[PDB]
Structures are given as C-alpha cells and as structure tokens.
Amino acid sequence: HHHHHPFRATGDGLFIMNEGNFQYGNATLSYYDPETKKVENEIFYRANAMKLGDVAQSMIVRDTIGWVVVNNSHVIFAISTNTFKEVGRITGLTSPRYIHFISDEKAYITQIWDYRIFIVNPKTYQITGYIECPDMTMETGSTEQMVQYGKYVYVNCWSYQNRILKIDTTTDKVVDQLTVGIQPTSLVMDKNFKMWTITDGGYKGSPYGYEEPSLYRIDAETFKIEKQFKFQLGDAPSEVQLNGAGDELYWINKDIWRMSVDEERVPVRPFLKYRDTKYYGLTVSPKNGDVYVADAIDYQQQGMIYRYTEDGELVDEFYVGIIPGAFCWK
Ligand code: CNC
Numbered sequence: 004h005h006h007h008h009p010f011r012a013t014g015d016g017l018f019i020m021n022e023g024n025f026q027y028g029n030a031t032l033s034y035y036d037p038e039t040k041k042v043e044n045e046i047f048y049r050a051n052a053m054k055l056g057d058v059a060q061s062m063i064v065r066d067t068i069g070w071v072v073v074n075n076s077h078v079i080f081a082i083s084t085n086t087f088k089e090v091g092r093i094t095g096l097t098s099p100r101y102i103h104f105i106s107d108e109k110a111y112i113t114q115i116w117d118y119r120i121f122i123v124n125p126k127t128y129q130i131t132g133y134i135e136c137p138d139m140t141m142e143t144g145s146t147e148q149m150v151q152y153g154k155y156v157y158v159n160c161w162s163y164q165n166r167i168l169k170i171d172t173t174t175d176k177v178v179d180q181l182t183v184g185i186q187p188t189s190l191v192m193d194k195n196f197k198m199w200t201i202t203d204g205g206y207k208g209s210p211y212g213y214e215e216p217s218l219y220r221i222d223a224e225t226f227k228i229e230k231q232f233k234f235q236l237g238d239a240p241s242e243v244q245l246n247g248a249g250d251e252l253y254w255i256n257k258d259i260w261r262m263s264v265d266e267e268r269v270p271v272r273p274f275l276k277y278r279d280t281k282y283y284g285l286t287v288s289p290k291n292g293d294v295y296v297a298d299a300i301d302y303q304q305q306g307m308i309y310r311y312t313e314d315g316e317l318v319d320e321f322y323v324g325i326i327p328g329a330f331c332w333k
C-alpha cells in the first residue's frame, strides 16, 4: 500500500530497558540482534504510538510475551516480543520493581515505597493479593529481585532495608528472613543452588546508613550465609548477573568484576576496567557467553552498551536510550 512494513524482532535478540530520567517521563525500550549488530531504539513508542513512561526498570519473557515493568508509571505492560505491540497491562502498582512467575496463574511484583509484594494473575491482569513483609513501612519499604528454590521465593530488600526474605508460595506468607549489610541490590541463583547478593554503600549523608558493601554466597536449602567479600567504603556495587550455565558471577563496582561461583576468593584483576563513567547495567548471553555492559555515562546524555566476548575482546558498542539499566533475552 504505502508505509514501510513495521519493525519485527526476528531471532534470539536482546531487550534493553532504558530508565530515562526519573520524573521526566523519557524511559524507552531498545532491541539488539547479536548477529546483525543492529540496534532499534524507542521500539515501544514506535510500535504502540505511546510513551513507555517514567522509570523502565525490568523485563521477563514468558512464551513470546514480554512483561515490561515501568516503576514510576505504576504499570507493567505485556507486549508481543515479535511486534512490540501491547497485548495487555497491569495497573494500580505502587512503584513496581520486578515480576517473578510462580505459574501462568500467579506472579509476584515487588515494590518500592510499599511494605507489600503484590500478587497478580497474569492471565486476567488482576491483583489477587498482597504479601505483608514484617518490620516494614510504606515510607521506607523496598522489595526487589527474586529467585525460586522449590516452593519458596527468596527476595532482597533494597532502599532503606537490610534483609533477604523467604516466602512459602503455598501460603504466600514470609516464613523466614536473613539480615545482611545495608541495601542488598540484587539476587541470582547459581548451578549449585546458592544465592548471591551484593549491597551498595548506602550513600554519603543517608539517614539509613553509609558502610562498607559486601558480596554474599548463601545456601538456598538452609538459608545460611557461606562467604562474604567486603569492599571499600564509598564503593556502591550493583546488578549481580550469571552466565547461562550459572557458574560465572559478574557484578558492577566502578569496573565490571567476574568470579567463578566455585572458589573462595575475589580475583585480583577485573573483567573490564573503569572508564571515568557510570557502568549501571549488566547481562551475559546464555548462547555466546558474551558480556553486555550498560553505560549511563553521566546519567544525562544518551547511553551506550558495550559487548565483549567471554574471553574479554570488544565485539560491538551501540547507542541506546537514557540511563540503560537492565536487559532481557528474547
Ligand atoms: C545518581 C542516583 C540515581 N538514583 Co537514586 C539511587 N540509588 N540515587 C542516586 C545517587 C545520587 C548521588 C547524586 N546526587 O549523584 C544516590 C545513591 C545518593 C541516590 C539516592 C537514592 N536513590 C534512590 C532510589 C530508590 C532511586 N534513585 C533513582 C532516582 C536514581 C537514578 C536513576 C534514574 N533513572 O534517574 C540515578 C542512578 C541517576 C539520577 C541522576 O543523578 N540523574 C542525573 C541528572 C539528570 O539529575 P536529576 O534530574 O536532577 O536527578 C536528581 C535526582 O534523581 C536525585 N536523586 C537521586 N536518587 C533519588 C531518589 C529520589 C527518591 C529522589 C526524589 C531524588 C533522587 O539526584 C539527582 C540530583 O541532580 C532511581 C530511579 C533508581 C532506580 N531506577 O531504581 C530510584 C528512584 C525510583 C523511585 N520510584 O523512587 C534511593 C531511595 C536509594 C537508597 N535507599 O539509597 C535514594 C534517595 C535519596 C534522596 N531522595 O535524596
């Protein structure tokens, strides 16, 4: 007829969630093919004729449907992973963080500025319940990333909290907790069924705290801490990630750092050196073993991704949205 055929996502590509400026409404989604090395920006806007919203935080792909969590627009959009077109949405979310699917019929949505985890039925798009976290307020509340062991979801508590919680999905109740250093940022489960989390500093002039941050290996069966790796005061680490095998752990602390999940010690040498910039998100390809590093670079201008081989040679670098912070494989 007339207009050029719409953009489609063929193949085993990569969504990049760009946070945008908080309060400025300029969050965007990007898509990248590793084979083609072509990035498409603003795919949500261009597909739906509608701005993504305000702090685009995270994403999960589930049977060709992508669940994109817009933290500060109080929403999660279901999109086609082929078309990027909205197929449905979940609204009325305090300030969502991450979504974890127990089943098709039930998922948990963590929140900041709330003491509850929301329970939804993804097939109806409806809230089904709430999970009251102990010793938590609406004023300082924070749930974040999740992993499942058996019948249990574990979840780290970040902004002005110092805990990992343990939830029985049979009852949807918190049944156990573990205190760690302040503001654990992230959580992953390795091939040995050990969780890893890394704290940030707090910040200079926090009313909650400012201490030395730490990486923790934790057994999933027994919920006990096995190691701790303490770093410098004024470090502010973030975004722990695993490779596809779950035997190589990576995190951000000025540089990108890498450690085999086996072995008792933090390597001397990073995976990738500091650049007087703000490395901010991170992922590993489950096909290639390749490492993508999201640079926010000053948090103002258009950000960049940097792609490296498992063995540390630069493959590609490409411009995305403002403050890229998270990835999701298709
Ligand atoms: C830098 C930064 C960022 N932060 Co802070 C983080 N960590 N933050 C910080 C640091 C600021 C040090 C500094 N001034 O450089 C740091 C660690 C101290 C901080 C503090 C906080 N932050 C916090 C959070 C949760 C967030 N932060 C982001 C704004 C989050 C950003 C991510 C994002 N997508 O925006 C972020 C990575 C980039 C913001 C920025 O510097 N923009 C550059 C430039 C454009 O500045 P801007 O327009 O004026 O932005 C200002 C604000 O963002 C302010 N600010 C920073 N964080 C917050 C948080 C809140 C709640 C408010 C009202 C303002 C801020 O600092 C900037 C001053 O110019 C956030 C979007 C990150 C995320 N995606 O989860 C998220 C807020 C989302 C929400 N719904 O609340 C803390 C609650 C974390 C904590 N418990 O320690 C805390 C709040 C303290 C406060 N209100 O003063």
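Quick note on my numbering: the sequence shown kicks off at 4 and runs consecutively. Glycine is no exception: its CB is placed at the ideal position from the N, C-alpha and C atoms.
- Spanning the alpha carbons of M141 and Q164 requires a straight line of approximately 12 Å.
- Under the 8 Å Cβ criterion, the segment 113-120 does not count as touching the segment 181-190, having fewer than three qualifying pairs.
- Rounded to whole angstroms, the Cβ separation of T94 and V73 is 11 Å, and the two are not in contact under 8 Å.
- Here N256 is bridged, per DSSP, to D258.
- Not one heavy atom of the ligand CNC falls within 8 Å of the beta-carbon of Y34.
- Excluding five sequence positions before and after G212, the CB atoms of its chain that fall closer than 7 Å to its own CB belong to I185, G205, given in chain order.
- DSSP places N124 in no alpha helix (DSSP H) but in the uninterrupted beta strand (DSSP E) bounded by 119-124.
- Within the same chain, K197, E229 come within 7 Å of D222 by CB-CB distance, once the 5 residues on both sides are set aside.
- Every unbroken stretch of the beta strand (DSSP E) spanning 3 or more residues and falling wholly within the segment 208-241 is given here in chain order: 217-222, 228-233.
- Where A59 is concerned, the enclosing beta strand (DSSP E) starts and stops at 59-65.
- Residue side-chain check: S217 keeps its Cβ at 8 Å or more from all non-hydrogen atoms of the ligand CNC.
- In the structure shown, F196 adopts coil according to DSSP, grouped into three states.
- The three-state secondary structure of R166, taken from DSSP, is strand.
- When secondary structure is reduced to three states using DSSP, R49 falls in the helix class.
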